[PDB]
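Worksheet: the structure to be examined is printed underneath.
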Amino acid sequence: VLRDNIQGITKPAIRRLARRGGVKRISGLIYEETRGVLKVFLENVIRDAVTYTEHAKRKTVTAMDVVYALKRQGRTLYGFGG
Amino acid sequence: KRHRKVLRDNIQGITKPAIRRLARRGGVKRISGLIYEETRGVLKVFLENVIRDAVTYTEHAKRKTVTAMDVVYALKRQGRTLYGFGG
Amino acid sequence: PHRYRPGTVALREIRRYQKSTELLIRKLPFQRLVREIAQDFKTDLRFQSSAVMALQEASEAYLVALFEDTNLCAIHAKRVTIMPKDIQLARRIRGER
Amino acid sequence: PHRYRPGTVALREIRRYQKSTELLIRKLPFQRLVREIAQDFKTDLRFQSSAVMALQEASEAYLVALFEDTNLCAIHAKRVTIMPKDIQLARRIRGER
Amino acid sequence: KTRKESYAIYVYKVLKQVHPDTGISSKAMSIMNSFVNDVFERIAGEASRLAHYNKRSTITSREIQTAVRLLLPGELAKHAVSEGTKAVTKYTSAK
Amino acid sequence: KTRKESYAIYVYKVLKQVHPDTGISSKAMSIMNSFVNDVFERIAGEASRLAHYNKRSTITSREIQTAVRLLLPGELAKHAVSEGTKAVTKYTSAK
Amino acid sequence: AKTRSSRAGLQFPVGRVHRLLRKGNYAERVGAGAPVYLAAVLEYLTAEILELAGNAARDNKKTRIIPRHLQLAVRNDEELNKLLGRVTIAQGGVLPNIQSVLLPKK
Amino acid sequence: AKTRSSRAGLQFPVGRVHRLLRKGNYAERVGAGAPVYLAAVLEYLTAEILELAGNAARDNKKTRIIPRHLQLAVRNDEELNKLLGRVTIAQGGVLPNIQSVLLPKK
DNA sequence: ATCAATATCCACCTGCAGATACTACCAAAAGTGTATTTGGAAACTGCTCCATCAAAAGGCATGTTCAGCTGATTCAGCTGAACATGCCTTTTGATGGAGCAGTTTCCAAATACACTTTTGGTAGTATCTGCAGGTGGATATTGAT
DNA sequence: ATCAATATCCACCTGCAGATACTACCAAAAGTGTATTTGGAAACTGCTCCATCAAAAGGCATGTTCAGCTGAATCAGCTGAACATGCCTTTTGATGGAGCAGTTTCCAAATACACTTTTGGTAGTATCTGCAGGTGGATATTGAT
Ligand SMILES: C1N2CN3CN1CP(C2)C3
Ligand SMILES: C1N2CN3CN1CP(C2)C3
Ligand SMILES: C1N2CN3CN1CP(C2)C3
Ligand SMILES: Cc1ccc(C(C)C)cc1
Ligand SMILES: Cc1ccc(C(C)C)cc1
Ligand SMILES: Cc1ccc(C(C)C)cc1
Ligand SMILES: [Mg+2]
Ligand SMILES: [Ru+3]
Ligand SMILES: [Ru+3]
Ligand SMILES: [Ru+3]
């Protein structure tokens with residue numbers, strides 16, 4: 001059952017996230033749109049995190065690498081160090 | 001110094017035509033009558049935030065004069081970096 | 001023979017989900033998507049367990065909040081249904097476009 | 001006796017203003033407003049004249065950008081007329097609230 | 001093996017003064033730690049900036065105070081300032 | 001009559017290289033000067049943090065390089081990295 | 001020997017704060033009161049959040065503060081919310097809030 | 001008797017850039033390659049913008065680059081537009097841009 | 001209205017994941033006493049440029065008029081919500097091994113210091129030139145008809 | 001379509017602002033060279049904690065049905081654009097001093113170095129408990145009628 005990983009982010013899960021966001025009714029085309037948006041978000045943050053990893057001459061992305069990438073993207077996160 | 005004129009209601013020097021122009025530069029074709037007061041409000045908030053910070057840098061330096069640089073640093077703090085005035 | 005009206009379960013879920021804090025995407029699907037994307041940047045990468053969690057926490061918070069703005073954009077246009085244009089408006093105004 | 005239809009001069013003005021770079025608010029009025037707001041924070045202040053210019057360049061660029069966002073909120077609502085609610089939608093999405 | 005520092009115990013000491021019967025989860029403590037580190041960085045960062053703008057080699061409480069005003073919203077700033085000036089007064093007079 | 005420094009003459013040299021018959025207004029120069037200072041501070045900042053995160057006391061061209069990849073978007077980063085690498089290699093061999 | 005914290009009447013480590021400022025390249029030099037002041041500010045802000053998070057724990061019939069309590073504390077206070085306006089508290093969720101136009105008709 | 005700039009093949013000033021790095025307290029120590037590499041990046045970026053600004057001046061039949069041309073340069077280029085997405089160029093104006101629905105007829 | 005299907009509420013119970021408690025420990029900060037280096041208020045004064053006055057350039061305020069936009073009403077049809085569960089993907093837990101992190105080493109490179117030269121700034125007085133803002137004159141755009 | 005009122009686009013000109021120029025000079029640079037300090041790569045290695053996978057758990061892909069939302073069509077009322085009109089306010093150019101900003105002396109304060117005392121992170125072993133997750137039954141909510 002060959003399938004892209006992006007599609008593992010399913011309709012029900014995207015529906016749950018919308019719900020926490022106060023959304024009542026959802027157009028059918030939202031799901032592909034949301035996946036798009038999520039992929040761009042992960043690209044930008046992952047790009048930066050990996051860049052921290054490479055710099056530290058490591059092969060493992062640490063939580064700290066992620067936390068720092070989030071900070072500089074203006075999305076400070078609390079609870080994973082630093 | 002003798003006497004020091006009272007400043008009041010100056011927000012109103014931001015006239016209807018001046019606000020229309022800024023809307024134009026910003027691509028706006030049609031403007032409801034209520035936009036003008038709303039814009040004055042928004043402008044006033046923006047100015048207080050930047051002046052507060054600017055004046056704070058001035059006082060820290062023990063000066064009486066607000067510099068271009070005080071403003072430029074206040075603008076930077078607020079994520080509205082300005083080029084053209086020494087920073 | 002008992003059926004809930006359109007929107008009843010929708011409202012019920014909003015209350016449920018606005019009350020809890022669990023992650024709402026399954027861990028595995030998310031993990032693969034992460035590794036996939038990372039591959040385009042460097043090969044032979046490993047991830048700490050807390051690294052992937054941090055990424056999931058951030059992506060869900062980001063998406064939850066964007067659905068707030070999007071919902072406001074739908075409402076502005078006198079609708080109750082979120083559409084791709086509402087997400088697009090939100091992202092454009094946020095300066096992500 | 002002659003008249004342009006509503007919207008014709010408006011578009012003419014858009015092209016004109018989008019073409020030039022001069023400050024669109026009168027200098028003295030803008031300067032009194034700065035001095036007033038500052039005086040309310042602290043008395044007996046002076047301003048370098050480029051300080052005032054800085055603020056004015058900053059405020060006009062802020063307001064022009066806000067109007068593009070506002071215009072997009074009106075258009076989203078299938079209107080061509082900007083309203084206070086469009087500005088408010090822009091500022092909330094922008095995280096100015 | 002290497003010692004990993006944390007504000008965790010000081011946060012915990014302050015918890016007890018404020019709510020002697022109340023505890024804290026690990027995850028919550030880690031958040032609180034981030035909080036202090038973050039605010040630390042924002043304040044020191046602004047202070048550094050100030051010292052540089054004014055051609056000074058030193059960060060004094062004057063720089064921290066102005067930093068606090070710039071960074072904190074209104075009422076939070078005022079109290080923080082008063083807690084700060086307070087701590088310095090008490091500290092000096094003490095032998 | 002204190003000496004106020006700027007990147008003005010270097011901006012002007014580079015301008016001659018790319019557009020030999022073109023001039024620059026002083027205002028345009030002022031903006032050019034702000035832009036260089038701006039980029040400078042932003043790269044130095046990222047390099048600073050980076051070093052600290054890695055418990056380093058030294059900022060080397062390796063730190064600058066990563067700061068450039070963090071700060072600049074795609075194609076500008078690729079090219080800027082070439083030029084800086086080129087300059088260092090050439091700098092090393094030139095003594 | 002007596003700690004600089006106790007001298008200043010503080011639960012927050014003046015010594016550590018002093019050191020962290022030095023090895024932070026914030027400036028060439030560091031005055032004697034700056035760590036004192038800075039540490040007080042941090043203690044202050046911690047207490048503020050801890051109080052309100054405590055209260056949030058109380059409301060939900062709990063004695064153990066969890067991330068959700070910090071989230072409710074911070075976002076229900078105008079000033080704390082503004083300070084942490086570009087910050088994400090892991091495992092905090094959101095404030096219960098439904099746009100009224102979405103409510104069913106009476 | 002050779003500058004580090006000529007040694008590296010650069011117009012931008014390596015000495016200056018070395019000096020500014022030290023006094024900015026970015027770290028205890030500054031490596032010898034850092035000002036070299038940084039001065040080159042700076043040179044690169046300023047060449048990139050001047051190229052594009054030069055063209056905007058030429059497109060307007062002008063010989064002197066003014067702030068409007070710098071703004072045309074930056075805003076018309078995807079990458080410089082992003083690098084300066086939170087910056088304002090005094091006296092730069094905006095890009096001519098009218099939304100479709102605003103135009104006459106159908 | 002009533003009636004009933006189902007969601008929601010509160011109370012009480014219970015095992016253990018995740019909290020507090022604890023002592024050794026030792027190592028590494030933080031604090032204490034001595035000698036050294038350095039920064040920046042205060043005192044003074046040149047001198048830039050800020051505040052504050054009168055004359056000229058044109059933009060603002062206000063009333064009128066009606067074009068066309070907005071927002072209400074209605075309505076057909078499309079589209080997303082709700083629904084039941086076997087089925088297939090994720091979760092939980094079990095176990096080698098990559099690699100990250102701890103430690104020690106030694107040297108290439110960085111800091112420090114002290115003449116030695118070069119250069120980037122300004123200042124004085126001059127000298128050149130791109131273009132903004134005026135004119136008139138030829139071609140587009142717009143709206144009535 | 002045709003006519004025509006009005007904006008727009010050229011082109012050409014000319015003062016003069018503001019830009020490029022240059023000659024004198026200099027202090028603060030950057031450069032050169034020699035002495036001494038050390039950061040971090042580099043190499044070995046120990047033990048987490050990460051990938052992998054088998055077994056156990058359980059959320060979701062499916063298609064069918066129709067309530068109720070979205071968006072097109074239509075229209076009246078009235079807001080906001082255009083424009084004419086009278087003139088008030090801003091802009092432009094030329095004359096007084098508060099305060100900024102540059103020099104210097106001098107001590108109050110921070111650095112440094114080495115020393116001596118404790119605090120805070122870990123690990124060890126065990127010690128303790130708040131509450132998520134389950135039960136039962138009473139009451140609220142929703143939807144059919
Ligand atoms: C709104 N109000 C409160 N503060 C912000 N803005 C402008 P003013 C009045 C100070
Ligand atoms: C509200 N009031 C009471 N306390 C808390 N906050 C700020 P201040 C006034 C002290
Ligand atoms: C004094 N401060 C610290 N804590 C206790 N009290 C009341 P709030 C502010 C929390
Ligand atoms: C409404 C109002 C007017 C002025 C201010 C200043 C003092 C910030 C605040 C609120
Ligand atoms: C800033 C502020 C506001 C209120 C109070 C109360 C205690 C009177 C104190 C400080
Ligand atoms: C000083 C003070 C006391 C209480 C609070 C909370 C309870 C709002 C905040 C500051
Ligand atoms: Mg006032
Ligand atoms: Ru106000
Ligand atoms: Ru108060
Ligand atoms: Ru309180």
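Chain naming here is simple, since letters A, B, ... match the order of the sequence lines and numbering starts at 1 in each. Worth knowing before you read on, the calculation uses all heavy atoms, side chains too, and leaves out hydrogens, waters and symmetry mates.
Closest contact between the side chain of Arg64(H) and the listed nucleotides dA61(I), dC47(I), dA19(J) involves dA19(J). Of the candidate nucleotides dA82(I), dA29(J), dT32(I), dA82(I) has the atom nearest to the side chain of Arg19(A). Residue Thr65(B) places its side chain closer to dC50(I) than to any other of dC50(I), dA28(I), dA61(J). Distance from the side chain of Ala1(G) is smallest for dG31(I) among the nucleotides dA61(J), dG31(I), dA30(I). Closest to the side chain of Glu5(F), from the set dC100(I), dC60(J), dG121(I), is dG121(I). Checking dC131(I), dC131(J), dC50(I) against every side-chain atom of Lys62(G), the shortest atom distance belongs to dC131(J). Side chain of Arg16(H), nearest nucleotide from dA30(J), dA51(I), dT32(I): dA30(J). With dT89(I), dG80(I), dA51(I) as the candidates, the nucleotide lying closest to the side chain of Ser27(A) is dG80(I). Taking the side chain of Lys57(A) as heavy atoms from C-beta on, and the options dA51(J), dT90(I), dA41(J), the nearest nucleotide is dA41(J). Side-chain proximity of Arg30(B) to the nucleotides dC69(I), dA19(J), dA72(I) is greatest for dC69(I).
For the consecutive nucleotides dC53(I) and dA54(I), the six-membered rings of the bases fall outside the stacking limits of 5.5 Å between centres and 30° between planes. Between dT92(J) and its strand neighbour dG93(J) the base rings stack, satisfying centres under 5.5 Å and planes under 30°.
Between the CZ atom of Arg19(H) and the P atom of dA30(J) there is a distance of 4 Å, given to the nearest Å. Rounded to an integer number of Å, the gap from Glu59(B) CD to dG99(J) P is 14 Å. The interatomic distance linking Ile35(B) (CD1) with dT79(J) (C1') rounds to 14 Å, in whole Å. Atom-to-atom, NE2 of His55(A) to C1' of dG40(J) comes out at 12 Å; the value is rounded to the nearest Å. Distance NZ (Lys24(A)) to P (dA67(J)): 16 Å, rounded to an integer number of Å. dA30(I) atom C1' lies 12 Å from atom OH of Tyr91(E), rounded to whole Å. Rounded to whole angstrom, the span from the CZ atom of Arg22(G) across to the P atom of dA112(J) amounts to 8 Å. Put simply, CG on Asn10(B) is 13 Å from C1' on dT89(J), counting in whole angstrom units.
Counting non-hydrogen atoms of neighbouring residues, nucleotides and ligands closer than 6.0 angstrom, the NZ atom of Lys23(G) reaches no more than 12 such neighbours. Atom CZ of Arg16(D) is surrounded by 12 or fewer heavy atoms from other residues, nucleotides or ligands within 6.0 Å.
In this structure, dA51(I) forms no base pair with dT95(J) under the Watson-Crick or G-U wobble definition at 3.5 Å. No canonical Watson-Crick or G-U wobble pair links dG93(J) to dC53(I) with each of its two hydrogen-bond distances shorter than 3.5 Å.
Using modelled atom types, no side-chain atom of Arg24(B) and backbone atom of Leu11(D) make a donor-acceptor pair closer than 3.5 Å. Looking at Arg7(G), its side chain does come within 3.5 Å of a backbone N or O of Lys95(E) through a donor-acceptor pair. Using modelled atom types, no side-chain atom of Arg26(C) and backbone atom of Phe30(C) make a donor-acceptor pair closer than 3.5 Å. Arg56(F) places no side-chain N or O within donor-acceptor distance of the main-chain N or O of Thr58(F), the cut-off being under 3.5 Å.
The residue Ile24(F) sits close only to the backbone: its heavy atoms come under 4.0 Å of sugar-phosphate atoms, none of a base. Contact annotation for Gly31(H): backbone-only contact, meaning every heavy-atom pair under 4.0 Å involves sugar-phosphate atoms and none involves a base. Among the heavy atoms of the strands, none lies under 4.0 Å from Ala13(A). Contacts of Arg62(F) with the nucleic acid, taken as non-hydrogen atoms under 4.0 Å apart, are absent. Residue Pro13(H) is out of contact with every strand shown, counting any heavy-atom pair closer than 4.0 Å. Across all strands, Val14(H) comes closer than 4.0 Å to no nucleic acid atom at all (heavy-atom distances). No engagement by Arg2(B) is indicated, since no non-hydrogen atom pair under 4.0 Å with the nucleic acid exists. Within the 4.0 angstrom heavy-atom criterion, only backbone atoms of the sugar-phosphate kind lie near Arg35(D); the bases stay farther away. Using a 4.0 Å heavy-atom criterion, one finds that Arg15(A) contacts the sugar-phosphate atoms exclusively. Across all strands, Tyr10(E) comes closer than 4.0 Å only to sugar-phosphate atoms, never to a base (heavy-atom distances). Contacts of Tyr7(E) with the nucleic acid, taken as non-hydrogen atoms under 4.0 Å apart, are absent. Residue contacts for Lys19(D): at a heavy-atom cut-off of 4.0 Å it reaches the sugar-phosphate backbone alone, with no base atom in range.
Closest non-hydrogen pair, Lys29(B) versus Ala10(D), comes out as O-CB, 3.4 Å. The two residues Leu24(D) and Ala18(B) come nearest to each other via the heavy atoms O-CB, 3.8 Å.
Each of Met83(C) and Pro29(D) lies near DNA chain J, and the nucleotide nearest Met83(C) is the one positioned closer to the 5' end. Both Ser26(F) and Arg79(C) lie close to DNA chain J; mapped to their nearest nucleotides by heavy-atom distance, the more 5′-ward contact belongs to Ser26(F). Each of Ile66(H) and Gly33(H) lies near DNA chain I, and the nucleotide nearest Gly33(H) is the one positioned closer to the 5' end.
Regarding nucleotide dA101(I), the torsion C1'-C2'-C3'-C4' is less than zero, so its sugar is described as south. With its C1'-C2'-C3'-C4' torsion above zero, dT135(I) shows a north sugar pucker.
Annotation: cation-pi geometry not satisfied between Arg20(B) and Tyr36(B) (NZ/CZ under 6.0 angstrom from ring centroid, within 45° of ring axis).
Ring pair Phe12(H)/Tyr7(F) is parallel by interplanar angle, where below 30° counts as parallel and above 60° as perpendicular.
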Q. What string of B, S and - do you get for nucleotides 139-145 of chain J, 5' to 3', when a contact is any protein heavy atom under 4.0 Å?
A. ---SSS-
